file data-v2.csv (CSV, C-alpha atoms and all ligand atoms)
chain,number,residue,atom,x,y,z
A,89,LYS,CA,217.7,-183.0,-104.9
A,90,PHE,CA,218.2,-185.4,-102.0
A,91,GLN,CA,217.1,-182.6,-99.7
A,92,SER,CA,213.8,-180.7,-99.3
A,93,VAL,CA,213.2,-177.1,-98.2
A,94,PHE,CA,210.7,-174.3,-98.8
A,95,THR,CA,209.4,-171.0,-97.6
A,96,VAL,CA,206.3,-169.7,-99.3
A,97,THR,CA,204.2,-166.7,-98.6
A,98,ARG,CA,200.7,-165.5,-99.2
A,99,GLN,CA,200.6,-162.4,-101.3
A,100,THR,CA,197.1,-161.2,-101.7
A,101,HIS,CA,194.8,-158.8,-99.7
A,102,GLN,CA,191.8,-161.2,-99.9
A,103,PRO,CA,191.8,-163.8,-97.1
A,104,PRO,CA,191.2,-167.5,-97.8
A,105,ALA,CA,187.7,-168.9,-98.3
A,106,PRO,CA,186.2,-170.3,-95.0
A,107,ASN,CA,186.8,-174.0,-94.4
A,108,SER,CA,189.3,-174.2,-97.3
A,109,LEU,CA,192.9,-175.0,-98.0
A,110,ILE,CA,195.3,-172.0,-97.5
A,111,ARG,CA,197.1,-171.2,-100.7
A,112,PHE,CA,200.6,-169.6,-100.6
A,113,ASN,CA,201.1,-168.2,-104.1
A,114,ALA,CA,204.5,-166.6,-103.8
A,115,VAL,CA,207.9,-168.3,-103.3
A,116,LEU,CA,210.8,-167.1,-101.3
A,117,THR,CA,212.7,-170.4,-101.6
A,118,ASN,CA,211.5,-173.7,-103.2
A,119,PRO,CA,214.4,-175.4,-105.0
A,120,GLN,CA,213.0,-178.9,-105.3
A,121,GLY,CA,209.5,-177.7,-106.3
A,122,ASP,CA,208.1,-179.6,-103.3
A,123,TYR,CA,205.5,-177.0,-102.5
A,124,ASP,CA,203.1,-176.5,-105.4
A,125,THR,CA,201.7,-173.0,-105.6
A,126,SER,CA,199.1,-174.2,-108.1
A,127,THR,CA,197.4,-176.5,-105.6
A,128,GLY,CA,198.7,-175.0,-102.4
A,129,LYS,CA,200.1,-178.4,-101.4
A,130,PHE,CA,203.5,-179.7,-100.4
A,131,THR,CA,204.1,-183.3,-101.8
A,132,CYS,CA,206.8,-185.4,-100.4
A,133,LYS,CA,209.6,-186.5,-102.9
A,134,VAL,CA,212.2,-187.4,-100.3
A,135,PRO,CA,211.1,-189.6,-97.4
A,136,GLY,CA,212.1,-188.7,-93.9
A,137,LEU,CA,211.6,-186.4,-90.9
A,138,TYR,CA,210.3,-182.9,-91.7
A,139,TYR,CA,209.7,-179.7,-89.7
A,140,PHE,CA,206.7,-177.5,-90.7
A,141,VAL,CA,206.1,-174.1,-89.3
A,142,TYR,CA,204.0,-171.0,-90.2
A,143,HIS,CA,203.5,-167.5,-89.0
A,144,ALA,CA,200.2,-166.0,-90.3
A,145,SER,CA,199.2,-162.3,-89.8
A,146,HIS,CA,195.6,-161.6,-89.1
A,147,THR,CA,193.2,-158.7,-88.1
A,148,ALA,CA,190.2,-160.9,-87.2
A,149,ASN,CA,189.8,-164.4,-85.8
A,150,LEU,CA,192.0,-167.0,-87.5
A,151,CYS,CA,192.5,-170.8,-87.0
A,152,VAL,CA,195.1,-172.5,-89.0
A,153,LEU,CA,195.0,-176.3,-89.4
A,154,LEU,CA,197.8,-178.4,-90.5
A,155,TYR,CA,196.8,-181.5,-92.6
A,156,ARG,CA,198.9,-184.5,-93.4
A,157,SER,CA,197.6,-186.9,-96.1
A,158,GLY,CA,193.9,-186.0,-95.4
A,159,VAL,CA,194.4,-186.0,-91.6
A,160,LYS,CA,194.1,-182.9,-89.4
A,161,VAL,CA,197.3,-182.9,-87.3
A,162,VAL,CA,197.2,-179.7,-85.4
A,163,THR,CA,195.0,-176.6,-85.0
A,164,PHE,CA,196.0,-173.2,-83.6
A,165,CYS,CA,193.7,-170.2,-83.2
A,166,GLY,CA,194.2,-166.5,-82.5
A,167,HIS,CA,191.4,-164.0,-81.8
A,168,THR,CA,191.7,-160.4,-82.5
A,169,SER,CA,189.6,-157.3,-83.0
A,170,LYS,CA,190.8,-154.9,-85.7
A,171,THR,CA,194.4,-155.0,-84.6
A,172,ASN,CA,197.1,-157.1,-86.1
A,173,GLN,CA,198.6,-160.3,-84.5
A,174,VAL,CA,200.5,-163.3,-85.7
A,175,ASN,CA,199.2,-166.8,-85.4
A,176,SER,CA,202.0,-169.4,-85.3
A,177,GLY,CA,202.1,-173.1,-85.4
A,178,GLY,CA,204.4,-176.0,-86.2
A,179,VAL,CA,205.1,-179.8,-86.0
A,180,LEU,CA,207.7,-182.5,-86.8
A,181,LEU,CA,206.4,-185.2,-89.1
A,182,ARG,CA,208.1,-188.3,-90.5
A,183,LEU,CA,206.8,-188.6,-94.1
A,184,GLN,CA,206.8,-191.2,-96.8
A,185,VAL,CA,207.0,-190.6,-100.6
A,186,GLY,CA,204.0,-189.0,-102.1
A,187,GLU,CA,202.5,-187.7,-98.8
A,188,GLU,CA,200.8,-184.4,-99.0
A,189,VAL,CA,201.0,-181.6,-96.3
A,190,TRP,CA,199.0,-178.4,-96.3
A,191,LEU,CA,197.5,-175.7,-94.2
A,192,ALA,CA,193.8,-174.9,-94.0
A,193,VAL,CA,191.4,-172.5,-92.2
A,194,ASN,CA,188.0,-173.3,-90.5
A,195,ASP,CA,185.2,-170.8,-89.9
A,196,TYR,CA,187.9,-168.4,-88.6
A,197,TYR,CA,189.7,-167.6,-91.8
A,198,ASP,CA,191.1,-164.1,-91.6
A,199,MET,CA,194.6,-163.6,-93.0
A,200,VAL,CA,194.3,-159.9,-93.8
A,201,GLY,CA,197.4,-158.5,-92.2
A,202,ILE,CA,198.0,-154.8,-91.9
A,203,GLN,CA,200.5,-153.2,-94.3
A,204,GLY,CA,203.8,-154.7,-93.2
A,205,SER,CA,202.7,-157.9,-91.6
A,206,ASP,CA,202.9,-161.0,-93.7
A,207,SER,CA,202.1,-164.7,-93.7
A,208,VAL,CA,204.6,-167.5,-94.3
A,209,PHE,CA,204.7,-171.3,-94.4
A,210,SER,CA,208.0,-173.1,-94.3
A,211,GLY,CA,209.0,-176.8,-94.4
A,212,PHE,CA,212.3,-178.7,-94.5
A,213,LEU,CA,213.7,-182.2,-94.4
A,214,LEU,CA,216.0,-182.8,-91.4
A,215,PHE,CA,216.6,-186.5,-91.4
A,216,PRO,CA,216.8,-188.6,-94.7
A,217,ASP,CA,215.6,-192.2,-94.9
B,92,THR,CA,223.2,-192.1,-88.0
B,93,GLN,CA,221.3,-190.4,-85.2
B,94,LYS,CA,217.7,-189.4,-86.2
B,95,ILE,CA,216.2,-187.7,-83.1
B,96,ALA,CA,213.0,-185.8,-83.1
B,97,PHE,CA,209.8,-185.3,-81.1
B,98,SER,CA,206.5,-183.5,-81.3
B,99,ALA,CA,203.9,-183.9,-78.5
B,100,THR,CA,200.6,-182.1,-77.7
B,101,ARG,CA,198.8,-181.7,-74.4
B,102,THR,CA,195.3,-183.3,-74.3
B,103,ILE,CA,195.0,-183.8,-70.5
B,104,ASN,CA,192.2,-181.7,-69.2
B,105,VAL,CA,193.6,-180.5,-65.9
B,106,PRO,CA,194.9,-177.0,-64.9
B,107,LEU,CA,198.6,-176.2,-64.6
B,108,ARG,CA,200.0,-175.4,-61.1
B,109,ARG,CA,202.9,-173.0,-60.5
B,110,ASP,CA,206.3,-174.5,-61.2
B,111,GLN,CA,204.7,-177.7,-62.6
B,112,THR,CA,206.4,-179.5,-65.4
B,113,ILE,CA,204.0,-179.0,-68.3
B,114,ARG,CA,203.3,-182.5,-69.7
B,115,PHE,CA,202.5,-183.1,-73.4
B,116,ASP,CA,200.9,-186.5,-73.1
B,117,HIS,CA,200.1,-187.0,-76.8
B,118,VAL,CA,203.0,-187.9,-79.0
B,119,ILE,CA,202.8,-187.3,-82.7
B,120,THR,CA,206.5,-188.0,-83.3
B,121,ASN,CA,209.2,-189.5,-81.0
B,122,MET,CA,212.1,-190.8,-83.1
B,123,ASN,CA,214.8,-192.4,-80.8
B,124,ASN,CA,212.2,-192.2,-78.0
B,125,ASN,CA,214.2,-189.6,-76.1
B,126,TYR,CA,211.1,-187.7,-75.1
B,127,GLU,CA,208.8,-189.1,-72.3
B,128,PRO,CA,205.1,-188.4,-72.6
B,129,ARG,CA,204.5,-189.2,-68.9
B,130,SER,CA,206.7,-186.3,-67.7
B,131,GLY,CA,206.8,-184.0,-70.7
B,132,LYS,CA,210.7,-184.0,-70.5
B,133,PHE,CA,213.2,-184.6,-73.2
B,134,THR,CA,216.4,-186.4,-72.0
B,135,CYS,CA,219.6,-186.2,-74.0
B,136,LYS,CA,221.1,-189.6,-75.0
B,137,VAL,CA,223.2,-188.2,-77.8
B,138,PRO,CA,225.0,-185.0,-76.9
B,139,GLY,CA,224.9,-182.1,-79.3
B,140,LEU,CA,223.0,-179.1,-80.7
B,141,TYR,CA,219.2,-179.2,-80.5
B,142,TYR,CA,216.4,-176.8,-81.3
B,143,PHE,CA,213.3,-176.7,-79.0
B,144,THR,CA,210.0,-175.1,-79.7
B,145,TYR,CA,206.4,-174.8,-78.7
B,146,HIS,CA,203.1,-173.3,-79.6
B,147,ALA,CA,200.6,-172.8,-76.8
B,148,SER,CA,196.9,-172.0,-77.2
B,149,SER,CA,195.6,-170.0,-74.3
B,150,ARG,CA,192.5,-168.2,-73.0
B,151,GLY,CA,194.3,-165.8,-70.7
B,152,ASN,CA,197.7,-164.7,-69.4
B,153,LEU,CA,200.4,-167.3,-69.9
B,154,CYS,CA,204.1,-167.5,-68.9
B,155,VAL,CA,206.3,-170.6,-69.4
B,156,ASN,CA,209.9,-171.2,-68.3
B,157,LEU,CA,212.2,-173.2,-70.6
B,158,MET,CA,214.2,-175.5,-68.4
B,159,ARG,CA,217.6,-177.3,-68.8
B,160,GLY,CA,219.7,-179.4,-66.4
B,161,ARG,CA,220.6,-182.9,-65.1
B,162,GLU,CA,219.5,-183.8,-61.6
B,163,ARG,CA,218.9,-180.1,-60.9
B,164,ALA,CA,217.1,-178.1,-63.6
B,165,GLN,CA,217.7,-174.4,-64.3
B,166,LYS,CA,215.8,-171.9,-66.4
B,167,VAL,CA,217.2,-170.8,-69.8
B,168,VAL,CA,214.4,-168.2,-70.5
B,169,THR,CA,210.9,-167.2,-69.6
B,170,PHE,CA,208.3,-166.6,-72.4
B,171,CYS,CA,205.2,-164.5,-71.4
B,172,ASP,CA,202.2,-163.7,-73.6
B,173,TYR,CA,199.1,-162.0,-72.3
B,174,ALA,CA,195.5,-162.2,-73.3
B,175,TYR,CA,192.6,-160.2,-71.9
B,176,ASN,CA,189.2,-161.8,-72.4
B,177,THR,CA,190.2,-163.5,-75.6
B,178,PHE,CA,192.0,-166.5,-77.2
B,179,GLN,CA,195.6,-166.7,-78.3
B,180,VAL,CA,198.3,-168.9,-79.6
B,181,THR,CA,201.8,-168.0,-78.5
B,182,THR,CA,205.3,-169.4,-79.2
B,183,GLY,CA,208.8,-169.7,-78.0
B,184,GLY,CA,211.9,-171.4,-79.2
B,185,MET,CA,215.6,-172.0,-78.3
B,186,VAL,CA,218.8,-173.6,-79.7
B,187,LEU,CA,220.6,-175.4,-76.8
B,188,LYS,CA,223.9,-177.3,-76.7
B,189,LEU,CA,223.1,-180.5,-74.8
B,190,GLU,CA,225.3,-182.9,-72.8
B,191,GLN,CA,224.3,-186.6,-72.3
B,192,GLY,CA,221.9,-187.0,-69.5
B,193,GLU,CA,220.6,-183.4,-69.5
B,194,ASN,CA,216.8,-182.9,-69.8
B,195,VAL,CA,214.9,-180.1,-71.4
B,196,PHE,CA,211.2,-179.3,-70.6
B,197,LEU,CA,208.7,-176.6,-70.1
B,198,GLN,CA,207.6,-175.5,-66.6
B,199,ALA,CA,204.3,-173.7,-65.8
B,200,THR,CA,204.2,-170.4,-63.8
B,201,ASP,CA,201.8,-168.2,-61.9
B,202,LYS,CA,200.2,-167.4,-65.4
B,203,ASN,CA,198.9,-170.9,-66.3
B,204,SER,CA,196.2,-170.2,-68.9
B,205,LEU,CA,197.0,-173.0,-71.3
B,206,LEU,CA,194.5,-174.9,-73.5
B,207,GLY,CA,195.1,-178.5,-74.7
B,208,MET,CA,192.3,-179.7,-76.9
B,209,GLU,CA,191.0,-180.6,-80.3
B,210,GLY,CA,190.8,-177.4,-82.4
B,211,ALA,CA,193.0,-175.4,-80.0
B,212,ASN,CA,196.3,-177.2,-79.5
B,213,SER,CA,199.4,-176.8,-77.4
B,214,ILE,CA,202.5,-178.6,-78.8
B,215,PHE,CA,206.1,-179.1,-77.7
B,216,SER,CA,208.8,-180.2,-80.1
B,217,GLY,CA,212.5,-180.8,-80.3
B,218,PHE,CA,215.0,-182.1,-82.7
B,219,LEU,CA,218.7,-182.7,-83.1
B,220,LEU,CA,220.6,-180.2,-85.3
B,221,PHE,CA,224.1,-181.6,-85.1
B,222,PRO,CA,225.6,-184.4,-83.0
B,223,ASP,CA,228.6,-183.6,-80.7
C,90,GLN,CA,231.2,-180.9,-90.4
C,91,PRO,CA,229.6,-177.5,-90.0
C,92,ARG,CA,227.3,-177.0,-87.0
C,93,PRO,CA,226.4,-173.3,-87.3
C,94,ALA,CA,223.6,-172.5,-84.9
C,95,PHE,CA,222.7,-169.8,-82.4
C,96,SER,CA,220.1,-168.4,-80.1
C,97,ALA,CA,220.5,-165.0,-78.5
C,98,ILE,CA,218.2,-163.1,-76.2
C,99,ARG,CA,217.7,-159.5,-74.8
C,100,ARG,CA,218.9,-158.4,-71.3
C,101,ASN,CA,221.2,-155.4,-71.6
C,102,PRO,CA,221.0,-154.3,-75.2
C,103,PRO,CA,222.5,-151.1,-76.6
C,104,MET,CA,219.6,-149.1,-77.9
C,105,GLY,CA,219.8,-147.0,-81.0
C,106,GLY,CA,219.1,-147.6,-84.6
C,107,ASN,CA,216.5,-149.9,-86.1
C,108,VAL,CA,218.6,-153.1,-85.9
C,109,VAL,CA,217.4,-155.2,-83.0
C,110,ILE,CA,220.4,-156.4,-81.0
C,111,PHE,CA,220.1,-159.6,-79.0
C,112,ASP,CA,223.1,-159.1,-76.6
C,113,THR,CA,222.9,-162.2,-74.6
C,114,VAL,CA,224.0,-165.4,-76.2
C,115,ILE,CA,222.6,-168.7,-75.0
C,116,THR,CA,224.1,-170.7,-77.9
C,117,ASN,CA,226.5,-169.8,-80.7
C,118,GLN,CA,228.1,-172.8,-82.3
C,119,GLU,CA,230.9,-171.5,-84.6
C,120,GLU,CA,230.2,-168.0,-83.4
C,121,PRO,CA,228.1,-166.9,-86.5
C,122,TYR,CA,226.2,-164.4,-84.4
C,123,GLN,CA,227.8,-161.1,-83.2
C,124,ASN,CA,226.2,-160.1,-79.9
C,125,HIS,CA,227.6,-156.6,-80.2
C,126,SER,CA,225.7,-155.9,-83.6
C,127,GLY,CA,222.7,-158.3,-83.7
C,128,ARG,CA,224.0,-159.7,-87.0
C,129,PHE,CA,224.5,-163.3,-88.0
C,130,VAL,CA,227.4,-163.8,-90.5
C,131,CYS,CA,227.3,-166.8,-92.9
C,132,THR,CA,230.5,-168.7,-93.2
C,133,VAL,CA,229.1,-172.0,-94.6
C,134,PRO,CA,227.0,-171.5,-97.8
C,135,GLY,CA,223.6,-173.2,-97.7
C,136,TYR,CA,220.0,-173.1,-96.5
C,137,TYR,CA,219.5,-171.7,-93.0
C,138,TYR,CA,216.3,-171.2,-91.0
C,139,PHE,CA,215.9,-168.0,-88.9
C,140,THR,CA,213.2,-167.2,-86.5
C,141,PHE,CA,212.3,-164.7,-83.7
C,142,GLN,CA,209.9,-164.4,-80.8
C,143,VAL,CA,209.9,-160.8,-79.6
C,144,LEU,CA,208.1,-159.3,-76.6
C,145,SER,CA,206.1,-156.1,-76.9
C,146,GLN,CA,203.4,-154.3,-74.8
C,147,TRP,CA,202.3,-151.9,-77.5
C,148,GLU,CA,203.1,-151.8,-81.2
C,149,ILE,CA,205.8,-153.7,-83.0
C,150,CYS,CA,206.7,-154.6,-86.5
C,151,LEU,CA,209.8,-156.6,-87.2
C,152,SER,CA,211.5,-158.0,-90.3
C,153,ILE,CA,214.3,-160.5,-90.9
C,154,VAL,CA,216.7,-158.6,-93.2
C,155,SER,CA,219.8,-159.9,-94.9
C,156,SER,CA,222.8,-158.4,-96.8
C,157,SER,CA,224.9,-159.8,-99.7
C,158,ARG,CA,228.0,-158.0,-101.0
C,159,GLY,CA,227.0,-155.2,-98.6
C,160,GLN,CA,223.7,-154.8,-100.4
C,161,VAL,CA,220.7,-154.8,-98.1
C,162,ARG,CA,217.8,-157.2,-99.0
C,163,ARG,CA,214.5,-156.2,-97.3
C,164,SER,CA,212.0,-159.0,-96.7
C,165,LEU,CA,208.8,-160.1,-94.9
C,166,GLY,CA,207.4,-158.2,-91.9
C,167,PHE,CA,205.5,-159.5,-88.8
C,168,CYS,CA,203.6,-157.2,-86.5
C,169,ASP,CA,201.5,-157.1,-83.3
C,170,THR,CA,199.5,-153.9,-83.0
C,171,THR,CA,197.3,-154.8,-80.0
C,172,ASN,CA,198.6,-151.7,-78.2
C,173,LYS,CA,197.0,-152.4,-74.8
C,174,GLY,CA,200.1,-152.3,-72.6
C,175,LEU,CA,200.1,-156.1,-72.1
C,176,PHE,CA,202.7,-158.7,-73.2
C,177,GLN,CA,202.3,-159.8,-76.8
C,178,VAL,CA,204.7,-162.0,-78.6
C,179,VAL,CA,205.2,-161.2,-82.3
C,180,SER,CA,206.9,-164.1,-84.1
C,181,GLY,CA,208.3,-164.7,-87.6
C,182,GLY,CA,210.7,-166.9,-89.5
C,183,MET,CA,211.9,-168.1,-92.8
C,184,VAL,CA,214.4,-170.2,-94.7
C,185,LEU,CA,217.2,-168.1,-96.4
C,186,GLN,CA,219.7,-169.4,-98.9
C,187,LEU,CA,223.0,-167.7,-97.9
C,188,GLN,CA,226.3,-167.2,-99.5
C,189,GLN,CA,229.6,-166.8,-97.7
C,190,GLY,CA,229.8,-163.3,-96.2
C,191,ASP,CA,226.0,-162.7,-96.1
C,192,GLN,CA,224.6,-161.2,-93.0
C,193,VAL,CA,221.2,-161.7,-91.4
C,194,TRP,CA,219.5,-159.6,-88.6
C,195,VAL,CA,216.2,-158.4,-87.2
C,196,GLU,CA,215.1,-154.9,-87.9
C,197,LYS,CA,212.3,-152.9,-86.3
C,198,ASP,CA,209.9,-150.4,-87.9
C,199,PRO,CA,210.9,-146.9,-86.5
C,200,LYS,CA,207.2,-146.0,-86.1
C,201,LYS,CA,206.3,-149.3,-84.4
C,202,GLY,CA,209.4,-150.5,-82.6
C,203,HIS,CA,208.4,-151.1,-78.9
C,204,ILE,CA,210.3,-154.0,-77.4
C,205,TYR,CA,210.0,-155.0,-73.8
C,206,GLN,CA,213.0,-154.2,-71.6
C,207,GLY,CA,213.1,-156.1,-68.3
C,208,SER,CA,213.5,-159.3,-66.3
C,209,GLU,CA,209.9,-160.6,-66.4
C,210,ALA,CA,210.2,-162.2,-69.8
C,211,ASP,CA,212.4,-162.7,-72.9
C,212,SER,CA,212.7,-162.1,-76.6
C,213,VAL,CA,214.8,-164.5,-78.7
C,214,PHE,CA,216.5,-164.6,-82.1
C,215,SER,CA,217.6,-168.0,-83.4
C,216,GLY,CA,219.1,-169.5,-86.5
C,217,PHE,CA,220.7,-172.7,-87.8
C,218,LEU,CA,222.0,-174.4,-90.9
C,219,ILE,CA,219.5,-176.8,-92.5
C,220,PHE,CA,222.0,-178.0,-95.2
C,221,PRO,CA,225.2,-176.7,-96.9
C,222,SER,CA,225.3,-175.9,-100.7
D,1,CA,CA,198.7,-162.4,-76.6
call {"tool": "encode", "arguments": {"input": "data-v2.csv", "output": "structure tokens"}}
result
Amino acid sequence: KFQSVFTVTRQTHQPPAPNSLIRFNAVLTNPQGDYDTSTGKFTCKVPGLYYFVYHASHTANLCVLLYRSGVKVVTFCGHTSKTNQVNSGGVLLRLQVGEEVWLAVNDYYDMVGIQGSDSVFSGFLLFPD
Amino acid sequence: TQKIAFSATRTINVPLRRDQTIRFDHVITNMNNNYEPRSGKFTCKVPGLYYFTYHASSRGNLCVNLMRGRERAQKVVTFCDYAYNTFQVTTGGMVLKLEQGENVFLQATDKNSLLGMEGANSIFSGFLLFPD
Amino acid sequence: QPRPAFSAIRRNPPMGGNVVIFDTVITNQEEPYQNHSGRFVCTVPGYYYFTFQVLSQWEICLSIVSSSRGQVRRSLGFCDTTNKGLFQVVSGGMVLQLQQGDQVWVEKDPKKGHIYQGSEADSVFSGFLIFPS
């Protein structure tokens, strides 16, 4: 399409590997196939202004980093001991065709949410160009 | 065709005072340049519906007031999130119908534990949903 | 053109049931959101984004639920189980493709449903159309 939207989730009990890209394997919505579950990366098809946001459940320290074409854009960290909390983050980015966007973790990589608390990553095109 | 959006982070290393307009000096995005880094305020040029949001890293108790208004600002809501001897990232958001000349911004409170740095960001964003 | 968008908060909510009712409207373009029931009603088919930031001091688990043809569709959950008596904001959100008549709302887990009631701070439920179908 001439639009772009996705909401993916991480469905697995094992957290990501430290200092690695966060893979979201399950899809709630992804009509253009912009987010690739095989690589864990979003790749721009339609240029323009996008909004990216995530809500990640964790029961130990977790820092989520948003990358845009190899560059770390933002980092948000949440610390917790045994109990469950939600780490959230987001940013507006004006992207060009082919640009990749993904989330990653650093040494703080926990994404083991308690039964009933999930992790989601959404993205959608707001202004075409 | 009115493409309006902004995302700015706080990198200034200085504490927040009570009732102080929280400034996000570092701009990542500022389409239509309706957001001002120097003040941390968004000023409506094109009236309409907007969505405003933020994610604040913090090392303690934090409360923020979302503000709206023209020459006199008023508070829409207050977002509070506490942390006892630990680090946190909190968030707030709001859809607001804006008139030309009105400005939206975040204002610090008595709970001012807010971190603005590499590896622990604090960001403020806003975008136009539909033009009036 | 359609401009469906809303934000509602809590102030004087009717308690009872697991549906979380955000009684006080800040914005409600095209009145999709019913402040009396806590439910959003889709008029314009398309992709919408919904999100919440709810305040708790103990244990809370929330989910954005929807319905189509009266059929309830359970979804993702988001919790905060700090349980220390201090303010904690649980947040969550997602894009939902809705058809005319579909309803969206936030539901709490009956065993973990503590939501702050007061004037110190606020809980919000927001939603808006991303693009029509
Ligand atoms: Ca907290």
call {"tool": "atom_distance", "arguments": {"input": "data-v2.csv", "atom1": "atom CA of residue 167 of chain A", "atom2": "atom CA of residue 100 of chain A"}}
result
20.9 Å
call {"tool": "atom_distance", "arguments": {"input": "data-v2.csv", "atom1": "atom CA of residue 94 of chain C", "atom2": "atom CA of residue 219 of chain C"}}
result
9.6 Å
call {"tool": "residues_around", "arguments": {"input": "data-v2.csv", "residues": "segment 148-154 of chain A", "least_positions_apart": "6", "cutoff": "9 Å", "atoms": "only C-alpha atoms", "output": "VMD selection string"}}
result
(chain A and resid 109 to 110 140 160 to 173 175 to 179 189 to 200) or (chain B and resid 210 to 211)
call {"tool": "closest_residue", "arguments": {"input": "data-v2.csv", "among": "B:157, B:220, B:168, B:135", "to": "chain A", "atoms": "only C-alpha atoms"}}
result
B:220
call {"tool": "closest_residue", "arguments": {"input": "data-v2.csv", "among": "B:199, B:167, B:154, B:187", "to": "ligand CA 1 (chain D)", "atoms": "all atoms listed in the file"}}
result
B:154
call {"tool": "residues_around", "arguments": {"input": "data-v2.csv", "residues": "residue 217 of chain B", "least_positions_apart": "2", "cutoff": "10 Å", "atoms": "all atoms listed in the file", "output": "list in words"}}
result
residues 139, 179 and 180 of chain A; 95, 96, 97, 98, 99, 120, 121, 125, 126, 133, 141, 142, 143, 144, 145, 184, 185, 186, 195, 196, 215, 219 and 220 of chain B
call {"tool": "closest_residue", "arguments": {"input": "data-v2.csv", "among": "A:185, A:116, A:159, A:132", "to": "chain C", "atoms": "all atoms listed in the file"}}
result
A:116
call {"tool": "residues_near_ligand", "arguments": {"input": "data-v2.csv", "ligand": "ligand CA 1 (chain D)", "cutoff": "12 Å", "atoms": "only C-alpha atoms and all ligand atoms", "output": "PDB file with C-alpha atoms, in the frame of the given file"}}
result
ATOM      1  CA  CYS A 165     193.700-170.200 -83.200  1.00  0.00           C
ATOM      2  CA  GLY A 166     194.200-166.500 -82.500  1.00  0.00           C
ATOM      3  CA  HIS A 167     191.400-164.000 -81.800  1.00  0.00           C
ATOM      4  CA  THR A 168     191.700-160.400 -82.500  1.00  0.00           C
ATOM      5  CA  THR A 171     194.400-155.000 -84.600  1.00  0.00           C
ATOM      6  CA  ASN A 172     197.100-157.100 -86.100  1.00  0.00           C
ATOM      7  CA  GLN A 173     198.600-160.300 -84.500  1.00  0.00           C
ATOM      8  CA  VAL A 174     200.500-163.300 -85.700  1.00  0.00           C
ATOM      9  CA  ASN A 175     199.200-166.800 -85.400  1.00  0.00           C
ATOM     10  CA  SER A 176     202.000-169.400 -85.300  1.00  0.00           C
TER      11      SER A 176
ATOM     12  CA  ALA B 147     200.600-172.800 -76.800  1.00  0.00           C
ATOM     13  CA  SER B 148     196.900-172.000 -77.200  1.00  0.00           C
ATOM     14  CA  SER B 149     195.600-170.000 -74.300  1.00  0.00           C
ATOM     15  CA  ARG B 150     192.500-168.200 -73.000  1.00  0.00           C
ATOM     16  CA  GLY B 151     194.300-165.800 -70.700  1.00  0.00           C
ATOM     17  CA  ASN B 152     197.700-164.700 -69.400  1.00  0.00           C
ATOM     18  CA  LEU B 153     200.400-167.300 -69.900  1.00  0.00           C
ATOM     19  CA  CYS B 154     204.100-167.500 -68.900  1.00  0.00           C
ATOM     20  CA  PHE B 170     208.300-166.600 -72.400  1.00  0.00           C
ATOM     21  CA  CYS B 171     205.200-164.500 -71.400  1.00  0.00           C
ATOM     22  CA  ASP B 172     202.200-163.700 -73.600  1.00  0.00           C
ATOM     23  CA  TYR B 173     199.100-162.000 -72.300  1.00  0.00           C
ATOM     24  CA  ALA B 174     195.500-162.200 -73.300  1.00  0.00           C
ATOM     25  CA  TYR B 175     192.600-160.200 -71.900  1.00  0.00           C
ATOM     26  CA  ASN B 176     189.200-161.800 -72.400  1.00  0.00           C
ATOM     27  CA  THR B 177     190.200-163.500 -75.600  1.00  0.00           C
ATOM     28  CA  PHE B 178     192.000-166.500 -77.200  1.00  0.00           C
ATOM     29  CA  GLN B 179     195.600-166.700 -78.300  1.00  0.00           C
ATOM     30  CA  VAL B 180     198.300-168.900 -79.600  1.00  0.00           C
ATOM     31  CA  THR B 181     201.800-168.000 -78.500  1.00  0.00           C
ATOM     32  CA  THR B 182     205.300-169.400 -79.200  1.00  0.00           C
ATOM     33  CA  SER B 204     196.200-170.200 -68.900  1.00  0.00           C
ATOM     34  CA  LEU B 205     197.000-173.000 -71.300  1.00  0.00           C
TER      35      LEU B 205
ATOM     36  CA  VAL C 143     209.900-160.800 -79.600  1.00  0.00           C
ATOM     37  CA  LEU C 144     208.100-159.300 -76.600  1.00  0.00           C
ATOM     38  CA  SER C 145     206.100-156.100 -76.900  1.00  0.00           C
ATOM     39  CA  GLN C 146     203.400-154.300 -74.800  1.00  0.00           C
ATOM     40  CA  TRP C 147     202.300-151.900 -77.500  1.00  0.00           C
ATOM     41  CA  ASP C 169     201.500-157.100 -83.300  1.00  0.00           C
ATOM     42  CA  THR C 170     199.500-153.900 -83.000  1.00  0.00           C
ATOM     43  CA  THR C 171     197.300-154.800 -80.000  1.00  0.00           C
ATOM     44  CA  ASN C 172     198.600-151.700 -78.200  1.00  0.00           C
ATOM     45  CA  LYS C 173     197.000-152.400 -74.800  1.00  0.00           C
ATOM     46  CA  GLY C 174     200.100-152.300 -72.600  1.00  0.00           C
ATOM     47  CA  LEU C 175     200.100-156.100 -72.100  1.00  0.00           C
ATOM     48  CA  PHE C 176     202.700-158.700 -73.200  1.00  0.00           C
ATOM     49  CA  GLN C 177     202.300-159.800 -76.800  1.00  0.00           C
ATOM     50  CA  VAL C 178     204.700-162.000 -78.600  1.00  0.00           C
ATOM     51  CA  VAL C 179     205.200-161.200 -82.300  1.00  0.00           C
ATOM     52  CA  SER C 180     206.900-164.100 -84.100  1.00  0.00           C
TER      53      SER C 180
END
call {"tool": "atom_distance", "arguments": {"input": "data-v2.csv", "atom1": "atom CA of residue 111 of chain C", "atom2": "atom CA of residue 124 of chain C"}}
result
6.2 Å
call {"tool": "closest_residue", "arguments": {"input": "data-v2.csv", "among": "A:186, A:99, A:137, A:155", "to": "residue 122 of chain B", "atoms": "only C-alpha atoms"}}
result
A:137
call {"tool": "residues_around", "arguments": {"input": "data-v2.csv", "residues": "residue 154 of chain C", "least_positions_apart": "2", "cutoff": "8 Å", "atoms": "all atoms listed in the file", "output": "MDAnalysis selection string"}}
result
chainID C and resid 152 156 161:164 193:196
